[PDB]
Each structure stands twice: as C-alpha cells, then as structure tokens.
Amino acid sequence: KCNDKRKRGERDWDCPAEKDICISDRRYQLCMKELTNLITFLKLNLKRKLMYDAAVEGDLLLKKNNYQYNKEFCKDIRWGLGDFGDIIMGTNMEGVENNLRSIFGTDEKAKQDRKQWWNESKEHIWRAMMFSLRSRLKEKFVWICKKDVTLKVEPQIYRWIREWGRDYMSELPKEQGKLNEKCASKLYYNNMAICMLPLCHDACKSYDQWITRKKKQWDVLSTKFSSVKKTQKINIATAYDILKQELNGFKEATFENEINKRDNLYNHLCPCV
C-alpha cells in the first residue's frame, strides 16, 4: 500500500545502524506497490505496473506539498524517478529485495542491461509521474520542471546528496529561527546567564541535536561519496561541488563552520555548552 506522504521534516534522514548510507523519509514512502506484487508480455506488464506506481507517487507527492506546483515538487519528482531507476537497473545502494528478485526472475541473471530497458523508457515513466498535476491544471499547465536534467541518469549517491542539501538548507533558517526566538536577549542581558537559564538552554541543546545529526548524516554521505568513485569511478569530483551546484548561495567555509558548531550565531546565543 502506498500511503499518504508525511510532511518533509517529520522524520529526518535515517542513518541506520551499521550501514553505508543515510536514507530519507522521501524514499521510505516511495510507491513500490505494483512492483512488489507482480516473452515481451512480461516487460510490458512490468512497464504498466511501474506506470501505476510512478503515477501514484507523483500524485501523492503533489498532495504532500499541499497541491503546490513548485521547485520542491519538481525536485521530489526528480528523486523519485531516479530511485525508480536504480531500482529497475538494480544499482540501488539501499537495503525487502522481493522486487530485486521479482525484477530478476523476469529478465536476466547474467549480464543485465535492463539499463537500456530503463533508458528506452524513463521519459514515459516521467510523464506518468507528472500526469496528475497536468491533468489537474489542464490548459493552465506550464513546464517549470526542467526535463533533461530530470531525465539525465546519475548515481543516486549524487541525487541523495542534492536532496540532503536542499533539506539542510531548508531546515537551517528554521532552526536558527527557533533558537534565536527562544534565546535572543537585549544588549544589557548577560547572554551567558540567559544561555544557562532553562528556556535558552533547552533550545540551544535542541539545536545541538539537530546540527549533530546533520553532521553525522553529512559525514556518512560524504564518506559514501568518496566510497563510490574509488570503487566505481567512470562527472564531478568535489563532493561539495554538487552542493555548490544545487542552491543559490553556498560557500564551503560557512557550511563546515556551521556543521562543526563553530557558527557565529550558535556560539553567541548559546556559549554555555
């Protein structure tokens, strides 16, 4: 069953015990129903099932962002399609396996360019994901989801890093906001004392929790970026460069400085830690 998607932020990234990666709540909800249900007829049937799952995923993603056609939505479409890809192609880092065996007993157990099969049609799966929204907007529909960037095949590690980047850059002003709202004091307050006092202390340590799991996540995922190329190698090198390419304003310095709690704001508001 593909259930209604939970709000982004309700469950942060999950770096499971003893694992090579960190997974988002966006994929734990990824519609994989018709896949985990099951000549050329086989490939056609799997194609249709994937059409169903992709369409439902698109619809539930639209519902997830309160029926708002925007950048976050397009991003989620991109990630979902990519993950669908690594599922089909079988190059998924993530840990079921009933679809990894179903899609195996339907095609091949030696060399498997199901690669090309996905390549032959992923555009169509994409229109399947974009189906709901476009059928809802009708004539009023416009293309704000840049297509060939969305269809361009890339190792998920990359995709998940971009997604994580958007998540972090989206959560940061919120956390800084609530921290500042519960710690900021007038210029004649000793902010050390305010920091110690319960209200600002709890908030500061909550911030600490958030930035701690943020650094843990980025650690695992970056070690994971450097994990792959070595093993895989074969279009960018600086893991950060990906992040440099994702959002409008990103400098490495401020980032490292933020996740290592060497932040100016954090060190000013809560110095009692």
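Residue numbers here begin at 1 and follow the sequence given.
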| item | value |
| --- | --- |
| Deposited residues lacking coordinates between residue 38 and residue 39 (none, 1 to 3, 4 to 9, 10 or more) | 10 or more |
| Selected stretch [higher average CA B-factor]: 165-173 or 142-150 | 142-150 |
| Comparing 253-261 with 14-22, the one whose average Cα B-factor in the PDB entry is higher | 14-22 |
| Residue, from 202, 97, 76, 181, that the PDB entry assigns the highest Cα B-factor | 97 |
| Out of 234, 221, 60, 54, residue topping the C-alpha B-factor column of the entry | 234 |
| Position of residue 64 among the chain's modelled residues by C-alpha B-factor, lowest, middle or highest third | lowest |
| Chain-wide C-alpha B factor ranking for residue 241, given as lowest, middle or highest third | highest |
| Residue 227 CA temperature factor, ranked by third within the chain | highest |
| Modelled-residue ranking by C-alpha temperature factor, third containing residue 70 | lowest |
| Modelled-residue ranking by C-alpha temperature factor, third containing residue 32 | middle |
